[PDB]
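Each chain, letter by letter, is given below.
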Amino acid sequence: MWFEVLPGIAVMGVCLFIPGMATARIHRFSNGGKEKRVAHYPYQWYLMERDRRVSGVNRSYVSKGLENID
Amino acid sequence: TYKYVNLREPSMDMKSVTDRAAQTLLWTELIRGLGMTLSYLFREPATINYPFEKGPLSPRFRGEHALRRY
Amino acid sequence: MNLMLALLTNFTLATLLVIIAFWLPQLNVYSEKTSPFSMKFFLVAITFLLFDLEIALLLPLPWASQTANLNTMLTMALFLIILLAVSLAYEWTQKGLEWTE
Amino acid sequence: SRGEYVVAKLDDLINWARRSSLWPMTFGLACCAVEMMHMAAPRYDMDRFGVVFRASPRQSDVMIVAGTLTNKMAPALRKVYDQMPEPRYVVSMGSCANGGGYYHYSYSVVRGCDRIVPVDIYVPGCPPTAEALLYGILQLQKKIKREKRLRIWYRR
Amino acid sequence: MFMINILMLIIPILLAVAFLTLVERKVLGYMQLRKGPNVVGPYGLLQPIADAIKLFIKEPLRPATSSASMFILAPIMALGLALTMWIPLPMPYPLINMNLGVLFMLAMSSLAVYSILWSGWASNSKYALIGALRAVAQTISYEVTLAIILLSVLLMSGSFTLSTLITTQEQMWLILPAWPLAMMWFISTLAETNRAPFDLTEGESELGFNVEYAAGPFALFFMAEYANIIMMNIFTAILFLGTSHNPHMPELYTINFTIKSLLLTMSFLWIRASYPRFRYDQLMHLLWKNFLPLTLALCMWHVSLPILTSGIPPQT
Amino acid sequence: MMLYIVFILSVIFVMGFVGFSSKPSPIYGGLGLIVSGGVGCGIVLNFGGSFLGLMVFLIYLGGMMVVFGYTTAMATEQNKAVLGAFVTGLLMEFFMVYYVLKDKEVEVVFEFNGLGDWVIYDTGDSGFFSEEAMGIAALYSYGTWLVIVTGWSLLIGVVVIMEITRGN
Amino acid sequence: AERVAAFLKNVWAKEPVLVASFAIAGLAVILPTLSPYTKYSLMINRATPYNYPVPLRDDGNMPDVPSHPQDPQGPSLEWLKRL
Ligand SMILES: CCCCCCCCCCCCCCCCCC(=O)OC[C@H](COP(=O)([O-])OCC[N+](C)(C)C)OC(=O)CCCCCCCCCCCCCCCCC
Ligand SMILES: CCCCCCCCCCCCCCCCCC(=O)OC[C@H](COP(=O)(O)OCCN)OC(=O)CCCCCCCCCCCCCCCCC
Ligand code: SF4
């Protein structure tokens with residue numbers, strides 16, 4: 001019957017879900033649980049590099065809050 | 001007796017002419033053809049499960065010659 | 001560096017499949033087998049090129065709509081597209097878009 | 001593990017792939033081509049076995065000769081056979097192709113396609129039923145399943 | 001971790017292409033009142049694997065090509081570019097977050113014509129060359145409408161960034177304001193990928209260019225061709241059927257976005273089963289006399305419509 | 001060795017030019033010009049020009065060069081001089097590369113330097129836009145005269161080519 | 001009055017695609033002139049602050065230039081919040 005066509009669709013459907021699911025998880029793993037920063041324009045890049053210097057550890061995604069201010 | 005297959009005169013009133021403009025621009029009769037193939041997608045296929053099922057035959061079938069005994 | 005790795009991986013992968021495709025069956029040993037210019041086609045390519053170039057002048061339109069001279073910008077944007085349509089009309093009427101000899 | 005065990009299982013993997021994806025090139029010459037179309041029709045649906053309906057000569061694994069092979073046609077048949085990439089099998093369908101059939105004693109008919117190309121399976125009938133050609137195709141699958149190319153190379 | 005990311009994109013693409021062959025054979029079967037592969041594995045789930053092994057252990061031809069170096073360059077270029085067109089796709093986060101991603105996909109897509117042209121030369125056959133010339137003229141003709149239609153849509157979006165199309169459709173699909181463009185974009189994607197009713201190459205009784213290829217090299221052209229069918233339908237869904245993105249539950253986006261991308265890929269198989277084939281002179285007239293006049297007119301309309309409603313999108 | 005990416009690309013740029021400048025068969029000559037075009041875009045991208053670099057792929061490689069190859073396959077009927085020229089070209093490239101990498105200063109018509117292209121890049125930018133994109137978008141606000149003459153020339157190109165190719 | 005109707009009703013029957021193309025292109029050239037919202041497009045484009053608003057040295061006679069951003073003097077985007 002027609003529903004015997006679905007199992008092929010499920011495999012094809014799952015294979016198109018892995019690339020999207022993998023990229024989202026790998027970014028969070030590599031960016032300390034946050035989305036990967038988006039820097040399309042020079043101003044955004046300048047802030048990101050500044051965050052690298054302010055973190056102490058040379059990482060753009062380690063955010064320092066008020067507790068870092070005297 | 002005989003009949004004509006393709007001897008129609010299409011009307012030239014505005015409503016009829018607009019009907020064929022919608023058909024030309026909005027692809028009405030092409031989508032009418034997609035629906036027919038959609039119906040067959042939900043019909044039970046006519047395939048039999050050979051070699052576990054066999055095609056019907058009749059007592060008059062002519063196959064392998066053979067020699068009989070009394 | 002990321003975009004460089006992505007291109008390297010895709011084409012490196014394609015090369016591997018190609019060479020192992022021409023050799024894997026050659027690990028097998030099968031017995032050796034032994035033993036007009038068309039003008040209309042050229043005009044399609046040239047018509048595409050001149051149309052393709054005019055598209056190059058239209059790609060920056062989305063950024064061009066951010067200006068403070070919209071009256072001037074909208075006048076030239078419709079001029080380029082109108083001129084592109086004039087070229088199509090000229091070929092159409094001069095039998096350029098035909099495939100019959 | 002033994003070498004004779006790995007080769008036995010590798011032979012089963014290549015045989016399984018080859019007999020499960022037979023792509024035929026059909027030489028429809030005469031009435032026997034009609035019965036071959038009924039094997040592709042919904043009743044029997046050769047495609048559900050992996051046997052595609054139509055394949056080009058260079059993408060094909062089996063040649064089905066369905067109809068009468070004439071003397072004016074024989075050179076074309078041999079040329080198509082020589083250009084088939086290997087492995088390649090030939091199925092002879094119908095009395096005309098098997099031995100000439102009703103036109104055996106004609107001046108313009110090759111008496112059997114097996115004197116022009118090698119033949120693996122003969123399907124009798126005039127024409128064979130679409131369920132008789134299908135039985136022949138499944139008999140070619142089992143023949144490919146018995147191949148032992150790797151088990152004979154390992155003993156050379 | 002980026003290298004792991006690339007492999008998490010490439011392998012699933014090839015697996016999806018492998019099982020698209022099965023799904024195509026079964027959807028076509030049921031629309032024809034039959035079944036399709038259901039013997040090689042349960043419901044034909046092992047049919048793709050059998051076909052792959054068979055092709056890669058079959059002897060290749062490699063005729064007396066005039067070059068023998070274009071014969072090997074053509075499938076590398078086709079498959080290499082086909083995988084490259086996936087790297088900027090937001091699903092919902094791109095592998096490579098390009099600022100001009102929409103323009104990157106046009107650029108890489110216009111290079112796929114060389115593999116069609118080079119394989120024509122390598123075959124060394126005069127007739128095979130004619131088939132390559134007709135295919136090339138088809139591809140370049142229909143990417144004129146891909147470029148202009150895309151420009152018209154981006155005038156309602158404001159950038160060439162692919163992830164900005166997600167923001168643009170945060171209140172409503174672009175299919176609603178731009179359905180006439182969607183129609184001519186959908187048909188233009190069939191012609192680009194040599195799909196029925198535009199498959200003159202595979203349309204025997206008139207010609208294909210990849211006729212001298214067998215075994216593995218043939219499968220490489222096949223894999224690239226089908227990966228482009230999935231990619232173009234993923235592009236269409238992003239462009240005209242935007243899926244809402246929730247930053248806390250990105251998997252929700254991927255499931256909805258995949259379902260749309262599958263439904264549009266099955267529509268390609270649906271259209272193949274329903275219509276006869278265009279003549280070569282007739283698909284050219286469908287572009288130079290019907291689509292192009294409308295595409296140019298709609299481009300004028302979409303340059304002016306945002307201005308006269310005060311609806312110009314932000315640059316950033 | 002990643003800091004000298006621009007110079008490495010330029011070296012590949014020249015080698016491609018020596019490829020089709022030696023004039024092998026047109027099929028291979030066009031192949032070498034596609035490689036140089038791709039490398040040429042790579043250089044432009046690393047200087048901050050993204051729209052210009054991509055315009056090379058879409059219009060030059062995917063446009064003109066496709067018409068060149070398309071016309072070659074249909075009107076071209078598919079030696080020591082070629083090899084002699086090709087070997088001569090590479091040697092001059094090697095010596096120019098060798099000297100600019102030894103003393104980092106070469107004088108051939110102009111005074112060239114060998115420190116590295118990175119030393120002349122601007123050190124300050126905090127804009128919320130792409131300076132290259134803003135300039136190209138100015139074609140419609142500032143370049144009114146440019147648009148008219150360019151469009152008219154393209155229109156005349158259509159008229160002229162049909163006149164030339166009619167043959168009667 | 002009857003000549004135009006006969007002409008229009010014939011292209012609409014034989015060339016519906018071209019009839020649609022010219023109607024759409026014709027609206028792209030006319031409506032912006034008659035549209036009352038075209039003036040708001042320019043104001044929105046002029047209001048977008050890409051650059052820094054460099055301050056002006058105070059001389060004493062500048063009552064129209066605010067001393068602080070939150071003073072009531074200067075251009076106002078109230079019209080934009082309601083558009
Ligand atoms: C207020 C301002 C409003 C401005 C905008 C107003 C717009 C008004 C409407 C304009 C018309 C709409 C354009 C429709 C496109 C017309 C293109 C055309 O050329 O038509 C004639 C063309 C050909 O017309 P023809 O062949 O009959 O004849 C042309 C004219 N003569 C007779 C002189 C030759 O039709 C086709 O395109 C053929 C279709 C090929 C087969 C396609 C299969 C269709 C499968 C269904 C797909 C459904 C779409 C899926 C979309 C999914 C998207 C996610
Ligand atoms: C101010 C800024 C804008 C300025 C724009 C000026 C440039 C316009 C560029 C347009 C693009 C070029 C197209 C020009 C070719 C026109 C078509 C043509 O070549 O004529 C061929 C046609 C052949 O005639 P035949 O086939 O024998 O018989 C049936 C004909 N209907 O002969 C014909 O009978 C065709 C009749 C002439 C076509 C007239 C087209 C007028 C289009 C304007 C419509 C605007 C309406 C907008 C309002 C819509 C409101 C809903
Ligand atoms: S064997 Fe019988 S059915 Fe087949 S071609 Fe001959 S006569 Fe016709």
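Residues numbered from 1 in each chain as written, not as in the entry; some residues may be left out. Chains lettered and ligands numbered in written order. Part of a larger assembly, values for the part shown. Heavy atoms only, no water.

Examining the site of ligand 2
Part 1 of the reasoning: The environment of ligand 2 is formed by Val86(C), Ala89(C), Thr93(C), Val11(G), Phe22(G), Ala23(G) and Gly26(G).
Part 2 of the reasoning: The residues that come close to ligand 2 belong to more than one chain, namely chains C and G.
Part 3 of the reasoning: Out of a free accessible area of 1,200 Å², ligand 2 has 32% covered by protein chains.
Part 4 of the reasoning: Taken together, the elements giving at least two residues each to the shell around ligand 2 come down to α4 (70-93) of chain C together with α2 (16-34) of chain G.
Part 5 of the reasoning: Of the residues assigned to the shell around ligand 2, the class counts are five nonpolar, two polar and no charged. (Near = heavy atom within 4 Å. Areas by Shrake-Rupley, 256 points an atom, 1.4 Å probe, with all protein chains shown as cover. Helix = DSSP H or I, 4+ residues; strand = E, 2+ residues; numbered from the N terminus. Nonpolar A, V, L, I, M, F, W, Y, C, P; charged D, E, K, R; others polar.)

Some remarks on the interface of chain C and chain E
Part 1 of the reasoning: Taken together, the contact pairs 49 residues of chain C with 57 residues of chain E.
Part 2 of the reasoning: Between chain C and chain E, the buried area comes to about 5,100 Å², and carbon and sulfur atoms account for 83% of it.
Part 3 of the reasoning: Our enumeration of links across chain C and chain E arrives at two salt bridges.
Part 4 of the reasoning: Note that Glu59(E) is salt-bridged to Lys33(C), the shortest N-O span being 2.8 Å.
Part 5 of the reasoning: Summed over the shared surface of chain C and chain E, the number is five residue pairs in polar contact. (Contact = heavy atoms within 4.5 Å. Buried area = accessible area lost by both parts, 1.4 Å probe. Salt bridge = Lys/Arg side-chain N within 4 Å of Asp/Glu carboxyl O. Polar contact = N/O pair within 3.5 Å; in protein donor to acceptor, adjacent residues only side chain to side chain.)

Here's the deal with the site of ligand 1
Part 1 of the reasoning: The immediate surroundings of ligand 1 are formed by 18 residues, with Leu25(B), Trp27(B), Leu286(E), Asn290(E) and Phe291(E) found nearest.
Part 2 of the reasoning: The site occupied by ligand 1 is bordered by residues of chains B, E and G.
Part 3 of the reasoning: Within the contact set of ligand 1, an oxygen atom lies 3.0 Å away from a side-chain nitrogen or oxygen of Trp27(B).
Part 4 of the reasoning: When contributions to the shell around ligand 1 are tallied by element, the ones reaching two or more residues are α1 (14-26) and α2 (28-41) of chain B together with α8 (179-192) and α11 (280-309) of chain E.
Part 5 of the reasoning: When residues in the shell around ligand 1 are grouped by element, the largest group, five residues, is from α11(E).
Part 6 of the reasoning: Here the residues of the shell around ligand 1 sort into 15 nonpolar, two polar and one charged.

Topic: the packing of aromatic side chains
Part 1 of the reasoning: Scanning all chains against the criterion turns up 36 aromatic pairs over all chains.
Part 2 of the reasoning: For the pair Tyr43(A) and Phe128(F), a centre-to-centre distance of 5.2 Å together with 45° between the ring planes defines the contact as tilted. Of the two residues, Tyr43(A) is situated in helix α2 (residues 42-54) and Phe128(F) in the loop between β2 (110-113) and α5 (131-137); the pairing between them involves two chains.
Part 3 of the reasoning: Judged by relative accessible area, which is 37%, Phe128(F) ranks as partly exposed.
Part 4 of the reasoning: Where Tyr98(F) meets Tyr99(F), the ring centres are 5.4 Å apart and the plane angle is 85°; that geometry is what we call edge-to-face. (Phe/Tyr/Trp six-rings, centres within 6.5 Å; stacked < 30°, edge-to-face > 60°. Buried < 20%, exposed > 50% of the residue type's maximum accessible area, 1.4 Å probe, protein only.)

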